[PDB]
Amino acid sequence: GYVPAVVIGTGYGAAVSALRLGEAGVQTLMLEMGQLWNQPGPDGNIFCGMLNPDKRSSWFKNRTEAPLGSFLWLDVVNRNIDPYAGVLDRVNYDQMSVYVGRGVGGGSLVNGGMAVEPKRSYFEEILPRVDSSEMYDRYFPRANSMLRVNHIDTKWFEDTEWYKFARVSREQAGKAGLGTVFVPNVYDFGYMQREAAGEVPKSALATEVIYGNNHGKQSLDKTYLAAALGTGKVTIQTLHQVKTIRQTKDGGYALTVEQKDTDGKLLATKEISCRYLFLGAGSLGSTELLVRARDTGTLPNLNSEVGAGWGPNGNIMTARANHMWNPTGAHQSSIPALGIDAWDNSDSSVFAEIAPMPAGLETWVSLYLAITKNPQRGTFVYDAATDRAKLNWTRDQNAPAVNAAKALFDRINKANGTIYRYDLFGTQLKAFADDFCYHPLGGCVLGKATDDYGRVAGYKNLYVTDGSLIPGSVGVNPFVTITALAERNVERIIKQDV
């Protein structure tokens, strides 16, 4: 039936939009293809950890996988599983694999919690049509507050065994003349201190993050979505996937929506219509809906920029072998706390986080997630045969990202007399993982496929709210930018359109 506003998805763009719609008195239905994660599983916990993966770890896969970088230690805990509506989806394209969350809260369920504002000078470079003053003076602070961003206690950080891995990379980087920065987070650092003291159930300190955190992490279900539900004007239907979007004759929108069970069985297909339609299905999901609608003729006035301008936020993973006198520890918090900021807006830029590893014994490995400035972009192209948007990205398109990461870490190796690991990402000698993405950005770029507030070009009352708006790169972990941009956009849309 009819609802005034529909929001597709329940990640960052969706959650901001639904809160503000509800507060404005607009009855809003959110449609989420994954589960509401609130039922204890066979171990009494909602989520599996990285040492005990099961069907809850994976969106419709028949075997668990090791976290990237840890196959050598964690393949031993992999098991065959039933295909199930689990929390983490590795989406495989021809030469790129994109990780995304599936559930009420989207990627906030599975992410590292790192809550970082981009450098203003870079924001100005990537989005020159947007007023940076309101973003930095109003919308970024609003987002940080609503998200419950907090900061690690520096004395605790210095002293705790759980961050030895971070201190080791800080020392090594320092010998190359590179400093580090603390990374704010939505994981409660006070709670984390009490975990280490044995006072509360462990999560970050029990090898949990990418399949969810049973404690500590303030995912969107606790923050924006709880507040949205609190307005009395927002409902969320789960295991409901939107498949098609059309314009009705009077200028509203109608959706076909499949309801499934957790085994993936089709229970029903529903029609849902609305006056205002907000896409928050992610870089992958929003872009797929729109390229499908254009190229199957249901939204024929979508422009040629729909699908274009995708990038992986320059994501590259690499690792260094430490000297035997610099062990990283058997006990590593699953939430990063430190990064190396070598980002100057040039093509050599790197913002690297010092990533923990879950093995739980000493390996001497330092792991890094590098964020780089690589101008290469991919395009999502609709395949009518399989009814899927295919990403056309090739691995050689990540060569500039690898080059920038390698230049930075070569400096660190030279200053320390260390070498890379070459064996963490498969049997072939490979020091730089260059075909994964945690931070997909673009496909429906702000000001290209949409106006400067995410209004889809060619259509009225049709909006995109999420990572698909961002032009391929933000130079830092992206969710704070997605949240702040969504605050700006929905506020303007409500004022002028609703």
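Rigid core here is just the name for the largest C-alpha set that superposes within 1.5 Å across the two forms. Residue numbers here begin at 1 and follow the sequence given.
Of the two stretches examined, 248-256 and 107-115, the one with higher mean CA deviation in 6 other deposited structures of this protein after a rigid core fit is 248-256. Taking the mean C-alpha B-factor of each stretch as recorded, 382-390 and 306-314 are not equal, and the higher mean is that of 382-390. Looking at 208-216 and 165-173 together, the entry lists the larger mean B-factor for 165-173, computed on C-alpha atoms. Within the selection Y368, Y139, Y191, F425, the deposited Cα B-factor values reach their highest point at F425. Between the residues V291, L225, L239, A407, it is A407 that shows the highest Cα B-factor in the PDB record. Among the modelled residues of its chain, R455 has a C-alpha B-factor that falls in the lowest third, as given in the PDB entry. Residue-level temperature factors show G107 in the lowest third of its chain, judged at the C-alpha atom.
Among the modelled residues of the chain, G447 sits in the highest third by CA temperature factor in this PDB entry. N185: CA B factor lies in the lowest third for its chain, per the PDB record.
Annotation for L284: C-alpha temperature factor in the lowest third relative to the rest of the modelled chain, per the entry.
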